[PDB]
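Naming: A, B, ... by sequence-line order, numbering from 1 per chain.
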Amino acid sequence: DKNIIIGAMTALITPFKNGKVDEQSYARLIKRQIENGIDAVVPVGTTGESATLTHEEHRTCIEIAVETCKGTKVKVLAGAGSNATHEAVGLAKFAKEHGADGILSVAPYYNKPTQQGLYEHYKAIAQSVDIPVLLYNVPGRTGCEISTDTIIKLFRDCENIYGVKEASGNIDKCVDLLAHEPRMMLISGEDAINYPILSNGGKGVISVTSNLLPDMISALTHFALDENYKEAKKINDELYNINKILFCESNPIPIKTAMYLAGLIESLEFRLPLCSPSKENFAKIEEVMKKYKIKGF
Amino acid sequence: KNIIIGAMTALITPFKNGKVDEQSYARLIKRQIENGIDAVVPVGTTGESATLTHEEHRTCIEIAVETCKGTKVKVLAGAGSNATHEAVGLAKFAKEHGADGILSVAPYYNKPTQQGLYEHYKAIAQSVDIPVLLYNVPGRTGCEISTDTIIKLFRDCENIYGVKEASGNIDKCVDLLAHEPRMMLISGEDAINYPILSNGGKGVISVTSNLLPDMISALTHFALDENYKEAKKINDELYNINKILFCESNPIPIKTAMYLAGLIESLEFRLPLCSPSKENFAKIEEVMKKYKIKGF
Amino acid sequence: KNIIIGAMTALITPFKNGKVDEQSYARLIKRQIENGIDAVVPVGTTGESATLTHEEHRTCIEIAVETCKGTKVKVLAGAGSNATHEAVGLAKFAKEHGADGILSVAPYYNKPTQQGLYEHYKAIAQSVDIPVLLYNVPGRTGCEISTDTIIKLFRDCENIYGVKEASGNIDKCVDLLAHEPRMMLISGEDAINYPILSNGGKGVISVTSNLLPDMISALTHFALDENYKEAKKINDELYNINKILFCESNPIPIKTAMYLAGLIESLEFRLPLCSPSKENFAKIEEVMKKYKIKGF
Amino acid sequence: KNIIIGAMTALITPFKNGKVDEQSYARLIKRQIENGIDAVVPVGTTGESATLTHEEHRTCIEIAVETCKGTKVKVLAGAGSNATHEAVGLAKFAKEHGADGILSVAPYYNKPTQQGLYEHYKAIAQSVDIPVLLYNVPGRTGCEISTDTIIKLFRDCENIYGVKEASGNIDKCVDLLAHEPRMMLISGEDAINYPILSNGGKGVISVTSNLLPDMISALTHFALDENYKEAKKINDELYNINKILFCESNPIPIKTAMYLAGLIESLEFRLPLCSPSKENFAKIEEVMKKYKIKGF
Ligand SMILES: N[C@@H](Cc1c[nH]c[nH+]1)C(=O)O
Ligand SMILES: N[C@@H](Cc1c[nH]c[nH+]1)C(=O)O
Ligand SMILES: N[C@@H](Cc1c[nH]c[nH+]1)C(=O)O
Ligand SMILES: N[C@@H](Cc1c[nH]c[nH+]1)C(=O)O
Ligand SMILES: [Mg+2]
Ligand SMILES: [Mg+2]
Ligand SMILES: [Mg+2]
Ligand SMILES: [Mg+2]
Ligand SMILES: [Mg+2]
Ligand SMILES: [Mg+2]
Ligand SMILES: [Mg+2]
Ligand SMILES: [Mg+2]
Ligand SMILES: [Mg+2]
Ligand SMILES: [Mg+2]
Ligand SMILES: [Mg+2]
Ligand SMILES: [Mg+2]
Ligand SMILES: [Mg+2]
């Protein structure tokens with residue numbers, strides 16, 4: 001029934017050069033994702049530092065993502081969450097009027113809505129557009145969790161809501177979700193446990209690691225979707241070291257560092273309050289990167 | 001250092017037909033003035049800061065500033081953000097609009113490092129010339145301002161004069177005031193108002209004081225005069241309401257209580273915040289019965 | 001390495017009038033063997049090991065050893081303790097009384113360091129010549145056996161062949177098997193039996209199998225045979241019972257369920273364990289109605 | 001109610017060639033007596049209770065009881081267990097051997113329910129006629145004694161006169177004394193000794209007092225006399241050592257410090273406890289240099 005966006009997906013970093021969005025590098029990075037088997041890209045999400053982007057930069061990165069993926073099978077799942085419902089509705093409509101195929105909408109952060117409030121929050125979002133809406137649960141960042149019951153109720157009550165991106169380190173909850181609502185699309189939000197989530201019936205990943213190693217995250221996901229769990233687990237095991245080191249500090253500090261170390265972006269620039277990693281963690285990321293075959297452009 | 005301390009209220013923002021009830025806002029703030037409160041915090045967490053428009057945000061700061069003119073009560077305006085350039089803009093805004101200082105919560109959701117938190121607050125502190133109070137609430141932000149970072153910011157930036165602590169960590173409050181006794185430690189958790197003050201805390205930014213400003217004001221001023229027996233006795237008496245006011249996420253219970261007390265006209269929130277459950281509504285009403293609530 | 005893997009049951013210890021019901025104990029083990037179980041764990045956490053006398057500990061190990069003679073079912077005896085010299089004595093005891101291997105939980109309460117945990121288990125491993133399975137359950141012990149410590153112990157001590165994981169941390173299970181794929185990772189949490197097995201885990205030590213031995217043994221054997229579809233569907237039906245069996249601290253719900261199913265005569269615990277609340281008693285009864293419980 | 005309050009020391013248990021140094025044990029207790037300590041706690045957590053033999057347990061209680069005869073110092077013997085019948089035996093043991101009261105930690109590892117904790121402690125309290133102090137340390141036991149359970153036990157059983165809290169939860173300490181101000185709240189965390197005392201706590205059971213008994217004793221008695229300025233100044237002064245004494249799991253740092261101060265002859269632990277890392281050894285030595293350490 002439901003319109004879905006699944007498979008291997010990349011939470012795109014937003015490269016900056018002299019405090020401005022590096023627009024051809026942004027486009028150059030997405031084409032690199034397309035050519036390495038990625039099924040969808042997520043502009044202006046957490047890994048893209050949406051929280052510090054201006055309104056316009058937000059529009060520029062969605063429009064570049066939409067245009068770069070034209071004429072390919074690669075979908076654009078635009079970041080559109082906010083802790084204010086009227087703001088999240090505006091972001092959802094914004095992503096729709098600018099050509100996104102669907103939206104990722106993170107649970108409200110900081111203001112800790114109740115489960116009832118989360119239901120009304122997402123119901124208002126789902127009714128505002130006619131494109132797929134993927135919930136994003138990351139309690140370590142938001143201070144709140146969308147309960148299994150709330151996710152399932154939203155999936156059943158609102159046409160557009162087709163699943164949830166899980167970044168809670170709780171494989172029990174992933175069993176809980178798919179055992180009581182097996183029709184939903186559970187999406188891995190934690191690279192280290194990509195395979196365990198997929199092997200339980202998860203239908204995709206929204207990846208940080210795929211920024212650096214899109215081919216490996218792509219192959220992992222597609223192996224698992226084709227039920228080649230031995231080959232999916234083998235990439236997951238090989239990726240564990242980089243999957244962990246990419247969170248030595250808060251994402252996207254390590255991944256942007258690695259992208260810079262790989263020569264895939266020109267400057268190691270963040271928007272405050274994000275900043276360069278410690279020099280110790282800088283060295284750790286560079287060291288761990290050395291075992292992986294990093295595709296160029 | 002210029003400071004803003006004493007008994008302070010995290011002001012609720014009353015809504016009427018989904019729009020800011022400006023007259024009730026002013027009436028609630030003066031009600032605070034008349035009950036011994038030393039400072040008010042407009043457009044903070046308890047004020048549903050996150051969901052207000054730019055104009056509403058301006059309207060409530062301006063009302064607060066205006067209502068406090070001609071009194072000793074200071075306006076400590078909410079100005080935090082998880083984007084440094086946004087927080088700098090909010091800081092400048094509050095300054096330009098007559099606020100006596102700013103409360104600026106640690107960046108939420110994007111989890112900056114300690115180094116990033118330092119640069120975040122340094123940029124905010126250099127952007128204005130009014131006192132800046134840090135706000136640490138890791139349960140809401142996903143982030144913590146370490147003791148070392150707080151102390152470094154206090155020592156390096158003239159405007160940063162202390163921290164509002166909402167971490168349930170009296171150990172950290174000992175850590176803070178034992179290594180930097182000059183800072184102003186402000187209670188951000190009503191239930192442990194007295195323990196924080198008794199260790200050298202110099203004020204509270206209270207949720208409960210919305211409902212019981214006279215008791216929170218007396219508690220704080222007793223404690224500041226080292227009348228610890230009387231401060232602790234008010235803290236002990238207030239425990240039941242202090243807990244029930246977080247039966248659901250603040251400000252859902254306090255707005256419910258303010259509505260039950262007839263102090264605001266509508267039990268209206270801005271989504272994703274909403275009315276409490278029917279059971280918690282009744283629990284709040286039940287606990288309120290043991291307290292004497294001042295009218296207008 | 002000698003290993004003990006597959007579908008395993010953490011045996012409850014039935015009491016009658018404050019005494020170990022030896023007949024029931026043998027009959028329950030009898031029942032597990034007949035439903036495809038590969039090994040039984042006497043005198044573990046689910047068996048209320050902490051409150052058994054020396055005599056009772058001995059009794060239940062010997063009954064387990066006796067009941068599994070002439071079958072393929074191994075006896076993996078509980079032998080952990082937070083005192084190394086006591087754990088060595090328990091390990092030697094289990095070997096002297098016919099156990100095929102030992103489960104040895106990480107020291108509880110005294111929170112040893114990783115270095116101490118390494119020395120603790122090396123002393124245990126050198127004390128016997130039978131396989132040793134580590135048991136990590138930080139929610140109960142207050143300590144964690146780190147991945148590095150587990151891997152070092154697996155490589156440095158012949159008898160140590162894997163770890164029972166009860167940490168709600170599938171990341172650690174990836175960590176373990178990605179860096180030491182030769183070890184035997186055993187599920188200690190029934191609800192996530194399949195995810196652990198599907199990542200290369202080689203068995204479960206189950207609470208649910210006390211009640212539903214046929215379903216837990218089929219799940220494990222399906223997964224071990226790389227029939228992950230059939231393993232996952234049994235894991236999915238078992239979720240409701242897997243969760244309700246921990247509505248209160250194990251083994252309070254499983255003994256309640258065993259009593260409700262008529263598999264044990266009395267709902268008796270040894271203090272400080274006790275009957276569940278009346279609400280949770282009814283909840284366990286309600287969840288059981290969807291399942292087909294095998295009798296004797 | 002009969003109570004045991006004031007400044008109290010959780011005694012380390014010195015070992016020499018794997019055996020309890022009985023002479024050193026007595027000499028250490030006499031040092032505590034001579035430095036203002038009001039009570040000593042033999043065979044507790046800091047004394048490595050979990051790894052002592054029956055004989056050693058009794059030897060250390062008898063040495064403590066004998067050494068404190070003719071002094072104002074009471075013996076609050078460790079007597080907790082996670083098995084109620086074992087804890088009852090330990091309670092009767094301490095009473096029959098001259099202890100003035102017992103400390104009884106919440107059952108560890110097996111996670112009893114609040115109902116089970118109530119029945120656990122009621123049986124212990126009925127078994128003896130000397131004061132019983134509860135010990136809540138959820139980070140070690142995996143369980144918490146709720147405020148309601150503590151208050152119920154205090155009200156229903158004569159011997160239960162308070163609780164030793166090691167939960168880093170000053171909110172709970174407000175909760176306890178706001179609803180039951182007659183109980184004796186005892187600090188189980190040295191860093192927050194003063195905040196607990198200034199809220200109405202009536203004593204400490206201290207790790208730091210092993211090394212600095214005069215300073216912990218002065219802190220407590222200043223606080224008990226409502227000299228909070230002087231009590232807080234010692235608490236602030238002690239923060240660095242109070243923190244470093246848990247760089248690793250207690251009693252690893254305190255025994256290291258006692259050995260570095262020449263107060264015990266060998267840095268020996270019973271496994272799974274062990275010497276600290278070389279880094280933390282040096283850190284402990286560094287922080288110790290800022291303090292005046294009394295000899296014998
Ligand atoms: N910084 C605010 C507002 C914002 C969103 N995107 C850009 N700015 C937030 O994270 O919600
Ligand atoms: N909702 C966003 C932006 C905002 C602040 N105030 C109003 N809107 C935040 O909480 O940061
Ligand atoms: N109750 C103690 C001692 C014991 C073990 N088995 C029986 N008693 C423990 O759990 O370690
Ligand atoms: N080690 C077990 C048994 C014991 C207690 N005291 C000495 N041994 C426990 O801590 O409960
Ligand atoms: Mg459907
Ligand atoms: Mg396969
Ligand atoms: Mg992160
Ligand atoms: Mg703020
Ligand atoms: Mg064991
Ligand atoms: Mg041998
Ligand atoms: Mg349990
Ligand atoms: Mg268990
Ligand atoms: Mg005496
Ligand atoms: Mg004890
Ligand atoms: Mg604390
Ligand atoms: Mg008294
Ligand atoms: Mg006096």
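The greatest number of non-hydrogen atom pairs below 4.5 Å with chain B, out of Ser50(A), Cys144(A), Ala84(A), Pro277(A), is found for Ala84(A). When the candidates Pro108(A), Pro113(A), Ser276(A), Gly143(A) are compared by the number of heavy-atom contacts under 4.5 Å with chain B, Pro113(A) comes out ahead. Options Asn83(A), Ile253(A), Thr54(A) differ in how many heavy-atom pairs under 4.5 Å they form with chain B, and the most are formed by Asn83(A). Contact tally against chain B (heavy-atom pairs below 4.5 Å) for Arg271(A), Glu249(A), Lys112(A), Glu87(A): the top residue is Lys112(A). Top candidate by heavy-atom pairs under 4.5 Å with chain A, chosen from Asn250(B), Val105(B), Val137(B), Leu117(B), is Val105(B).
Atom NZ of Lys173(A) is separated from atom CD of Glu145(A) by 4.5 Å, given to the nearest 0.5 angstrom. We find the CD1-OG distance between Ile125(A) and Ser82(A) to be 8.0 Å, quoted to the nearest 0.5 Å.
In summary, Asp156(B) and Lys122(B) do not engage in a salt bridge, as defined by a charged side-chain N under 4.0 Å from a carboxylate O.
Panel note: side chain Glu119(B), backbone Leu272(A); no donor-acceptor pair is recorded below 3.5 Å.
Both the backbone and the side chain of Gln116(A) come within contact range of chain B, with heavy atoms under 4.5 Å apart.
Between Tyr109(A) and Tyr108(B), the angle of the ring planes stays under 30°, which puts this pair in the parallel group of the 30/60° scheme.
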